[PDB]
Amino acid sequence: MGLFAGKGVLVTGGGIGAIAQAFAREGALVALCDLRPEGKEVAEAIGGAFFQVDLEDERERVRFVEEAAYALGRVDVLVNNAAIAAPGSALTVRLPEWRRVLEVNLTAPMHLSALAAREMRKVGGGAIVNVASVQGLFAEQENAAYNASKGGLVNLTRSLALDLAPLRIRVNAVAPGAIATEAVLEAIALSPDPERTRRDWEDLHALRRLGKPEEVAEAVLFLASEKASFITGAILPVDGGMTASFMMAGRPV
């Protein structure tokens, strides 16, 4: 019970659990969806609903919002957290994988925001938080689909903020750095030199450590709450100082 007591919260990509747990801890009714079935454990662990959903599919996006709305009784908050990547520069990425990344990372958040918004009207407003990335504000080598899709999500965040202000819905984004999620910890483990990749990714931040999912969750939680009542259209880095430097924030040269 507390800051989101009784409120209905939708989380796309809730399988990690940090975001879902954070809202649940504050008394929210959480509906999460994920492609991976493990998300069921997260929902059971927190007294929330789970839906196995492929956000690539527009019919499935409609079904998720409808069924989650029905399960929760209301929609107050949407968190768009699901994302994919297609490794490669524009030279090497295949068009189908590019279009899949745009569909999931950019088109799905737009669509879900519209669907969730129609529900939020019924309760007088709400908040949307899009989990972008520092990779929506800057790029890196060989990650074109991610960079383009996330860059679009950043300006989409602004679009939605302007358009949904009349419905009393705030829309913001968080732009995480390197976060110690299982995916990032496996990427490290599968890299040519895991030990050096760990040190190199820690050192992308001024704080010289990976971010924790809980730390992203707190930012999302804040932006979704009434504590952030005069904040809409904002893109908040949660990157331990990464984007404060023009080089490696945790290793100047």
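So that there is no doubt, residue numbering starts at 1 and follows the sequence shown.
Exercise for review: Quick one: say whether 59 to 67 or 36 to 44 has the higher mean Cα B-factor in the deposited entry.
Suggested key: Mean B over CA atoms: larger for 36 to 44.
Point to revise | Of 229 to 237 and 17 to 25, the one with larger mean CA B-factor | key: Going by the record's values, the stretch with the higher mean is 17 to 25.
Review point. Can you tell me which of 131, 178, 128, 123 has the highest Cα temperature factor in the record?
Key: Among 131, 178, 128, 123, the highest C-alpha B-factor in the entry belongs to 123.
Check your understanding: If you rank every modelled residue in this chain by C-alpha B factor, which third holds residue 168: lowest, middle or highest?
Key -> CA B-factor rank for residue 168: middle third.
Practice item. Could you look up the Cα B-factor of residue 140 in the entry and say which third of the chain it sits in: lowest, middle or highest? Key: Middle third by C-alpha B-factor.
Exercise for review: Check where residue 203 lands among this chain's C-alpha B-factors and tell me if it's the lowest, middle or highest third.
Suggested key: Answer is middle: the recorded C-alpha B-factor places it there.
Review point. Which third of the chain holds residue 158 when residues are ordered by C-alpha B factor: lowest, middle or highest?
Key: Lowest third - that is where residue 158 ends up once the chain's C-alpha B-factors are sorted.
Practice item. Relative to the other modelled residues of the same chain, rank the CA B-factor of residue 189 and answer lowest, middle or highest third. Key: Within its chain, residue 189 is a highest-third residue by C-alpha B-factor, going by the deposited values.
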